[PDB]
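Undergrad: Please find my_file-v1.tsv (TSV, C-alpha atoms) on the next line:
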```tsv
chain	number	residue	atom	x	y	z
A	720	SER	CA	12.22	26.20	7.75
A	721	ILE	CA	10.97	22.68	8.44
A	722	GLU	CA	7.74	24.29	9.64
A	723	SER	CA	7.20	26.58	6.63
A	724	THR	CA	8.25	23.92	4.10
A	725	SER	CA	5.92	21.38	5.74
A	726	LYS	CA	2.98	23.79	5.57
A	727	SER	CA	3.72	24.36	1.89
A	728	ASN	CA	3.84	20.59	1.37
A	729	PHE	CA	0.40	20.27	2.93
A	730	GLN	CA	-1.19	22.99	0.80
A	731	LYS	CA	0.06	21.27	-2.35
A	732	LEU	CA	-1.31	17.93	-1.16
A	733	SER	CA	-4.64	19.39	0.00
A	734	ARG	CA	-5.13	20.66	-3.55
A	735	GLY	CA	-4.64	17.21	-5.05
A	736	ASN	CA	-1.04	17.81	-6.17
A	737	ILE	CA	0.89	14.52	-5.92
A	738	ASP	CA	4.20	16.02	-7.09
A	739	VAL	CA	4.85	16.74	-3.40
A	740	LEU	CA	5.63	13.04	-2.96
A	741	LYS	CA	7.88	12.57	-6.01
A	742	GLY	CA	11.43	11.40	-5.31
A	743	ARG	CA	11.24	11.96	-1.56
A	744	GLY	CA	11.40	8.31	-0.55
A	745	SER	CA	8.94	6.16	1.34
A	746	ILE	CA	6.30	7.25	3.83
A	747	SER	CA	6.37	4.75	6.65
A	748	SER	CA	5.96	4.80	10.41
A	749	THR	CA	4.81	2.27	13.00
A	750	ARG	CA	2.97	5.04	14.88
A	751	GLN	CA	-0.70	4.54	15.66
A	752	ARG	CA	-3.27	7.35	15.91
A	753	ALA	CA	-6.96	7.22	15.03
A	754	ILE	CA	-7.94	9.05	11.83
A	755	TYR	CA	-11.30	10.38	10.62
A	756	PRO	CA	-12.14	8.31	7.52
A	757	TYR	CA	-13.94	5.00	7.91
A	758	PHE	CA	-12.52	2.07	5.93
A	759	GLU	CA	-12.60	-1.73	6.11
A	760	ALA	CA	-9.60	-4.04	6.27
A	761	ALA	CA	-8.92	-7.74	5.70
A	762	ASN	CA	-6.15	-10.32	6.02
A	763	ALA	CA	-5.48	-13.69	4.39
A	764	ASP	CA	-2.40	-15.41	5.81
A	765	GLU	CA	-0.93	-18.72	4.60
A	766	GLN	CA	-0.05	-20.45	7.86
A	767	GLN	CA	-1.10	-23.80	9.27
A	768	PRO	CA	-3.95	-23.70	9.94
A	769	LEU	CA	-4.87	-21.07	7.35
A	770	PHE	CA	-6.02	-17.72	8.76
A	771	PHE	CA	-8.53	-15.05	7.62
A	772	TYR	CA	-9.63	-11.79	9.24
A	773	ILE	CA	-12.18	-9.13	8.28
A	774	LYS	CA	-12.19	-5.82	10.15
A	775	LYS	CA	-15.24	-3.55	9.82
A	776	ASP	CA	-14.11	-1.52	12.81
A	777	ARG	CA	-11.96	1.57	13.40
A	778	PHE	CA	-8.32	1.64	14.54
A	779	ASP	CA	-8.17	3.40	17.92
A	780	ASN	CA	-5.39	5.52	19.41
A	781	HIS	CA	-2.47	3.79	21.09
A	782	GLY	CA	-3.24	0.18	20.29
A	783	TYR	CA	-2.21	-2.17	17.49
A	784	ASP	CA	-4.44	-4.96	16.18
A	785	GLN	CA	-2.84	-8.33	16.95
A	786	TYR	CA	-4.14	-9.72	13.66
A	787	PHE	CA	-2.39	-6.97	11.68
A	788	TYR	CA	0.89	-7.44	13.54
A	789	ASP	CA	4.19	-9.27	13.09
A	790	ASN	CA	6.13	-10.06	16.29
A	791	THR	CA	8.98	-11.39	14.19
A	792	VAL	CA	10.55	-7.94	13.76
A	793	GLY	CA	12.43	-6.13	16.49
A	794	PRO	CA	12.53	-6.40	20.30
A	795	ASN	CA	8.72	-6.40	20.36
A	796	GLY	CA	7.42	-6.73	16.79
A	797	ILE	CA	5.69	-4.24	14.49
A	798	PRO	CA	2.22	-3.58	13.01
A	799	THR	CA	1.45	-4.60	9.43
A	800	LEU	CA	-1.44	-2.12	9.13
A	801	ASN	CA	-1.73	1.12	11.08
A	802	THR	CA	-3.08	4.67	10.84
A	803	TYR	CA	-1.45	7.95	11.90
A	804	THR	CA	-1.30	11.68	11.16
A	805	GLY	CA	1.09	13.59	8.92
A	806	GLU	CA	3.19	15.48	11.50
A	807	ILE	CA	5.66	12.58	11.20
A	808	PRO	CA	5.24	10.70	7.88
A	809	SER	CA	8.30	8.49	8.45
A	810	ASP	CA	10.38	7.37	11.43
A	811	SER	CA	13.46	5.33	12.37
A	812	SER	CA	11.69	2.04	11.60
A	813	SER	CA	11.89	2.93	7.89
A	814	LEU	CA	15.11	2.45	5.93
A	815	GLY	CA	13.78	3.96	2.70
A	816	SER	CA	12.89	7.27	4.34
A	817	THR	CA	15.06	10.38	4.15
A	818	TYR	CA	13.11	13.56	3.39
A	819	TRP	CA	10.07	12.46	5.40
A	820	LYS	CA	12.14	12.05	8.56
A	821	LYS	CA	13.01	15.76	8.43
A	822	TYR	CA	9.96	17.41	6.84
A	823	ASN	CA	6.26	16.58	7.28
A	824	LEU	CA	2.73	17.09	5.94
A	825	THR	CA	1.25	18.51	9.18
A	826	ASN	CA	-1.27	16.85	11.48
A	827	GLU	CA	-4.11	17.68	9.06
A	828	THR	CA	-2.92	14.88	6.77
A	829	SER	CA	-4.16	11.35	7.50
A	830	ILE	CA	-2.09	8.28	6.63
A	831	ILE	CA	-3.00	4.60	6.32
A	832	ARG	CA	-0.02	2.23	6.18
A	833	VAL	CA	-0.71	-1.19	4.65
A	834	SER	CA	2.18	-3.67	4.71
A	835	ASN	CA	1.98	-7.36	3.74
A	836	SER	CA	1.32	-10.01	6.38
A	837	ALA	CA	3.87	-12.63	7.47
A	838	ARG	CA	2.80	-15.04	4.72
A	839	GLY	CA	0.02	-13.22	2.92
A	840	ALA	CA	-1.89	-10.06	2.14
A	841	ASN	CA	-3.48	-7.17	4.01
A	842	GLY	CA	-6.00	-4.96	2.25
A	843	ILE	CA	-8.31	-2.01	2.75
A	844	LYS	CA	-11.48	-0.65	1.16
A	845	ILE	CA	-12.29	3.06	1.40
A	846	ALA	CA	-15.10	5.15	-0.11
A	847	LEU	CA	-14.07	8.25	-2.06
A	848	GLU	CA	-16.90	10.18	-0.39
A	849	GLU	CA	-15.43	9.63	3.08
A	850	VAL	CA	-12.76	12.24	2.30
A	851	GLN	CA	-13.25	15.76	3.67
A	852	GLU	CA	-12.03	18.99	2.09
A	853	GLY	CA	-8.77	20.20	3.63
A	854	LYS	CA	-8.10	16.75	5.10
A	855	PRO	CA	-6.20	14.73	2.45
A	856	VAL	CA	-5.70	10.98	2.94
A	857	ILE	CA	-2.64	8.96	1.93
A	858	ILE	CA	-2.54	5.16	1.68
A	859	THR	CA	1.12	4.09	1.83
A	860	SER	CA	2.69	0.66	1.35
A	861	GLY	CA	5.82	1.44	3.32
A	862	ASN	CA	9.02	0.07	1.79
A	863	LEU	CA	8.62	-2.60	-0.88
A	864	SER	CA	11.36	-5.25	-0.87
A	865	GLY	CA	10.05	-7.90	-3.25
A	866	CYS	CA	6.39	-7.69	-2.23
A	867	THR	CA	3.43	-6.68	-4.42
A	868	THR	CA	0.89	-3.88	-4.04
A	869	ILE	CA	-2.39	-3.46	-5.88
A	870	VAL	CA	-4.49	-0.31	-6.14
A	871	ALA	CA	-7.91	-0.55	-7.79
A	872	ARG	CA	-11.20	1.28	-8.13
A	873	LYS	CA	-14.75	-0.04	-8.29
A	874	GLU	CA	-18.08	1.76	-7.88
A	875	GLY	CA	-16.96	4.65	-5.69
A	876	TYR	CA	-14.42	2.72	-3.63
A	877	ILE	CA	-10.65	2.43	-3.68
A	878	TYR	CA	-9.12	-0.94	-2.78
A	879	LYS	CA	-5.44	-1.33	-1.88
A	880	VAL	CA	-3.82	-4.69	-1.16
A	881	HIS	CA	-0.22	-5.52	-0.18
A	882	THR	CA	0.96	-9.13	-0.35
A	883	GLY	CA	4.23	-10.97	0.18
A	884	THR	CA	6.28	-12.75	2.87
A	885	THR	CA	8.63	-11.57	5.62
A	886	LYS	CA	10.58	-14.83	5.51
A	887	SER	CA	12.71	-16.05	2.59
A	888	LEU	CA	10.13	-18.26	0.91
A	889	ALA	CA	11.49	-18.16	-2.65
A	890	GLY	CA	8.76	-17.77	-5.27
A	891	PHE	CA	6.03	-17.22	-2.67
A	892	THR	CA	4.92	-13.70	-3.68
A	893	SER	CA	4.28	-14.53	-7.34
A	894	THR	CA	2.20	-17.61	-6.48
A	895	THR	CA	0.74	-18.11	-3.00
A	896	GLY	CA	0.98	-14.35	-2.48
A	897	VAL	CA	-1.32	-13.86	-5.46
A	898	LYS	CA	-3.82	-16.32	-4.02
A	899	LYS	CA	-3.84	-14.39	-0.73
A	900	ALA	CA	-4.29	-11.03	-2.48
A	901	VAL	CA	-7.23	-12.29	-4.54
A	902	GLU	CA	-8.87	-13.84	-1.49
A	903	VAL	CA	-8.61	-10.46	0.27
A	904	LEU	CA	-10.14	-8.62	-2.70
A	905	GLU	CA	-12.96	-11.19	-2.74
A	906	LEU	CA	-13.59	-10.74	0.99
A	907	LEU	CA	-13.71	-6.94	0.56
A	908	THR	CA	-16.14	-7.21	-2.37
A	909	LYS	CA	-18.94	-9.08	-0.56
A	910	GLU	CA	-17.74	-12.64	-1.22
A	911	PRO	CA	-17.50	-14.35	2.22
A	912	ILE	CA	-16.46	-17.65	0.65
A	913	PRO	CA	-13.61	-16.95	-1.77
A	914	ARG	CA	-12.66	-19.92	-3.93
A	915	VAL	CA	-9.33	-19.26	-5.66
A	916	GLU	CA	-8.11	-22.78	-6.48
A	917	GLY	CA	-6.46	-22.55	-9.92
A	918	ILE	CA	-2.80	-22.06	-10.88
A	919	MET	CA	-1.42	-18.86	-9.35
A	920	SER	CA	0.93	-16.36	-11.02
A	921	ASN	CA	1.07	-12.62	-11.63
A	922	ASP	CA	-0.78	-13.27	-14.90
A	923	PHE	CA	-3.68	-14.69	-12.88
A	924	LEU	CA	-3.77	-11.47	-10.84
A	925	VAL	CA	-3.88	-9.32	-13.98
A	926	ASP	CA	-6.72	-11.38	-15.44
A	927	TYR	CA	-8.64	-11.27	-12.14
A	928	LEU	CA	-8.29	-7.49	-11.71
A	929	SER	CA	-9.32	-6.92	-15.32
A	930	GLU	CA	-12.55	-8.88	-14.84
A	931	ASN	CA	-13.53	-7.50	-11.44
A	932	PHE	CA	-12.43	-3.86	-11.22
A	933	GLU	CA	-12.79	-0.73	-13.34
A	934	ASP	CA	-9.07	0.03	-13.34
A	935	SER	CA	-6.02	-1.00	-11.32
A	936	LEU	CA	-2.26	-0.70	-10.87
A	937	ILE	CA	0.11	-3.50	-9.89
A	938	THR	CA	3.47	-2.55	-8.35
A	939	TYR	CA	5.63	-5.68	-8.30
A	940	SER	CA	9.01	-7.38	-8.63
A	941	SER	CA	9.75	-9.05	-11.97
A	942	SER	CA	12.49	-11.71	-11.99
A	943	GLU	CA	13.63	-14.32	-14.52
A	944	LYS	CA	14.84	-16.41	-11.57
A	945	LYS	CA	11.18	-16.66	-10.51
A	946	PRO	CA	9.21	-16.78	-13.82
A	947	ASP	CA	5.76	-16.84	-12.19
A	948	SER	CA	6.48	-13.17	-11.44
A	949	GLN	CA	6.80	-12.21	-15.11
A	950	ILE	CA	3.59	-10.84	-16.66
A	951	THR	CA	2.83	-12.05	-20.19
A	952	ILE	CA	-0.79	-10.99	-20.71
A	953	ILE	CA	-2.23	-7.57	-21.52
A	954	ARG	CA	-5.47	-6.07	-20.21
A	955	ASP	CA	-6.52	-2.51	-21.10
A	956	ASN	CA	-7.77	-1.76	-17.59
A	957	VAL	CA	-4.74	-3.06	-15.65
A	958	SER	CA	-1.49	-1.08	-15.50
A	959	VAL	CA	1.67	-2.82	-14.29
A	960	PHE	CA	4.91	-1.41	-12.87
A	961	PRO	CA	7.96	-3.60	-12.07
A	962	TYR	CA	9.87	-1.62	-9.42
A	963	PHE	CA	12.44	-4.45	-9.14
A	964	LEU	CA	13.90	-6.00	-12.29
A	965	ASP	CA	16.23	-9.02	-12.13
A	966	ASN	CA	18.81	-7.89	-9.55
A	967	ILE	CA	18.24	-4.18	-10.29
A	968	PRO	CA	18.47	-2.24	-8.03
A	969	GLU	CA	20.96	-4.66	-6.50
A	970	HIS	CA	20.29	-2.75	-3.28
A	971	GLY	CA	17.13	-0.68	-3.01
A	972	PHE	CA	13.37	-0.58	-2.50
A	973	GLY	CA	10.03	0.35	-4.03
A	974	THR	CA	7.21	2.65	-2.91
A	975	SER	CA	3.45	2.90	-3.48
A	976	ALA	CA	1.45	5.92	-2.29
A	977	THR	CA	-2.17	6.71	-3.17
A	978	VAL	CA	-3.79	10.03	-2.32
A	979	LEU	CA	-7.53	10.75	-2.00
A	980	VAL	CA	-8.27	14.46	-1.79
A	981	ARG	CA	-11.49	16.45	-2.12
A	982	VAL	CA	-10.76	19.50	-4.25
A	983	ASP	CA	-13.53	22.07	-4.58
A	984	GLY	CA	-16.06	19.42	-3.57
A	985	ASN	CA	-14.84	16.69	-5.93
A	986	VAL	CA	-12.76	13.79	-4.59
A	987	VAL	CA	-9.67	13.10	-6.70
A	988	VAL	CA	-7.54	9.94	-6.51
A	989	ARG	CA	-3.95	9.68	-7.72
A	990	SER	CA	-1.33	6.98	-7.20
A	991	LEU	CA	2.47	7.09	-7.35
A	992	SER	CA	4.86	4.13	-7.40
A	993	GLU	CA	8.63	4.59	-7.49
A	994	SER	CA	11.82	2.55	-7.42
A	995	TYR	CA	14.94	3.59	-5.47
A	996	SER	CA	18.56	2.53	-5.13
A	997	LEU	CA	20.36	2.48	-1.75
A	998	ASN	CA	24.07	2.86	-1.06
A	999	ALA	CA	26.04	0.31	0.97
A	1000	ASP	CA	25.34	2.14	4.23
A	1001	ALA	CA	21.74	2.89	3.24
A	1002	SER	CA	22.11	6.59	4.07
A	1003	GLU	CA	21.32	7.99	0.61
A	1004	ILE	CA	18.63	7.07	-1.92
A	1005	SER	CA	18.33	7.65	-5.68
A	1006	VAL	CA	15.10	7.44	-7.67
A	1007	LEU	CA	15.26	5.14	-10.70
A	1008	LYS	CA	11.75	4.56	-12.06
A	1009	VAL	CA	8.43	6.33	-11.49
A	1010	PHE	CA	4.79	5.55	-12.35
A	1011	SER	CA	2.03	8.16	-11.96
A	1012	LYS	CA	-1.62	7.20	-12.38
A	1013	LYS	CA	-4.99	8.88	-11.93
A	1014	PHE	CA	-8.01	6.85	-10.83
```
Here is a file; write its structure as structure tokens.
TA:
Amino acid sequence: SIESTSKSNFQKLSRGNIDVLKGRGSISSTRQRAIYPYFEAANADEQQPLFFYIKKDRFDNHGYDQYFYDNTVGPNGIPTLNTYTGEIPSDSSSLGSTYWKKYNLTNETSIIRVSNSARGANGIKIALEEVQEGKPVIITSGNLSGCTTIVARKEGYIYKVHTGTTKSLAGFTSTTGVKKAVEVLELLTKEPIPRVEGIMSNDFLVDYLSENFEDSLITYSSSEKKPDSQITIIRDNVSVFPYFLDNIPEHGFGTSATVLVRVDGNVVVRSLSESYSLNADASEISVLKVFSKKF
């Protein structure tokens, strides 16, 4: 039953098993419910004037944060960063969700959804030690449609940033989007005055992550039509995963989910990025590429 299968899903997750998320689509909902783990968030948006926000506060029940919101979508807009519990991992606001609209992970699972901002990046910083046994945490990116996500670890903390644009600013994500993501990482790593003024590209992001974090994973779109997006440098402590590759999938989306679970007293961190294809009516999905990484 949905109930028995969902309980089984939870037990697998609570034991640090990330296979429970493989090939089941994106986890994404606009629901808002307070969760137990403390974490910090930040935003860097490229509007005029430029905008920056640092949040060292908790997300409360029933109530979006206007600075992590985009009123450009739907009859009343939608949040770009929100927290909720696992009884409903995905809802009708998510086109890349199938399995998670039917089955769940129970209310004992906590979820943090981090989307990109209108013209920039949103990011969070969470301590591994904040996780409690039997209460797994999932950081989800929602559906990726050209945007970039970054997951990285540094001195007991996991950082996850999602950058891109909701509008059709061609070439934005691989350039200005990178600048916004780096500014957010700087703000979350005790640098109140970030100064990222050089030439931006995905290569810059790889070089930056290599120099400032222990290990990281970049989930992005690689396109010859927008060469700044193509990575040409190699760094041993930076893994890269192109979920979109030059018009392939012609119709689809990417996913990025990171789990933090305390198993037998030790907090484990695993990340999973996938690429899916969608049919004309967007009613069925097919997994194409998968990347599994332990932090």
Undergrad: Please tabulate, as a Markdown table, the residues of stretch 891-960 of chain A that come within 8 Å of stretch 741-764 of chain A, each with its closest pair of atoms and the distance in Å to one decimal, counting all atoms listed in the file and ordering rows by chain, then residue number upward.
TA:
```
| residue | atom | partner | partner_atom | distance |
| --- | --- | --- | --- | --- |
| A:899 | CA | A:763 | CA | 5.4 |
| A:900 | CA | A:763 | CA | 7.5 |
| A:902 | CA | A:763 | CA | 6.8 |
| A:903 | CA | A:761 | CA | 6.1 |
| A:906 | CA | A:761 | CA | 7.3 |
| A:907 | CA | A:761 | CA | 7.1 |
```
Undergrad: Just the residues within 6 Å of residue A:800, please, counting only C-alpha atoms, with nothing from its chain fewer than 2 positions along; format it as a ChimeraX atom specification.
TA: /A:787,798,832-834
Undergrad: How would the residues just chosen look if you wrote them out with C-alpha atoms as a PDB file, in the frame of the given file?
TA:
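Contents of part-v8.pdb, freshly written:
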```pdb
ATOM      1  CA  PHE A 787      -2.390  -6.970  11.680  1.00  0.00           C
ATOM      2  CA  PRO A 798       2.220  -3.580  13.010  1.00  0.00           C
ATOM      3  CA  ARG A 832      -0.020   2.230   6.180  1.00  0.00           C
ATOM      4  CA  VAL A 833      -0.710  -1.190   4.650  1.00  0.00           C
ATOM      5  CA  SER A 834       2.180  -3.670   4.710  1.00  0.00           C
TER       6      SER A 834
END
```
Undergrad: With all atoms listed in the file as the basis for distance, which of A:996, A:983, A:823, A:1012 is at the shortest distance from residue A:851?
TA: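 Checking each candidate against residue A:851, we get A:983 as the closest.
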Undergrad: One decimal, in Å: what's the spacing between atom CA of residue A:729 and atom CA of residue A:810?
TA: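 Result for atom CA of residue A:729 versus atom CA of residue A:810: 18.4 Å, one decimal.
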Undergrad: Could you give me, as a list in words, the residues that sit within 7 Å of (1.4, -17.1, -0.7) in the file's coordinates, counting all atoms listed in the file?
TA: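 Those residues, ordered by chain and then number, are residues 765, 838, 839, 883, 891, 892, 894, 895, 896, 897, 898 and 899 of chain A.
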Undergrad: Report, in Å to a single decimal, how far apart atom CA of residue A:978 and atom CA of residue A:858 are.
TA: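 Here the two named atoms are 6.4 Å from each other.
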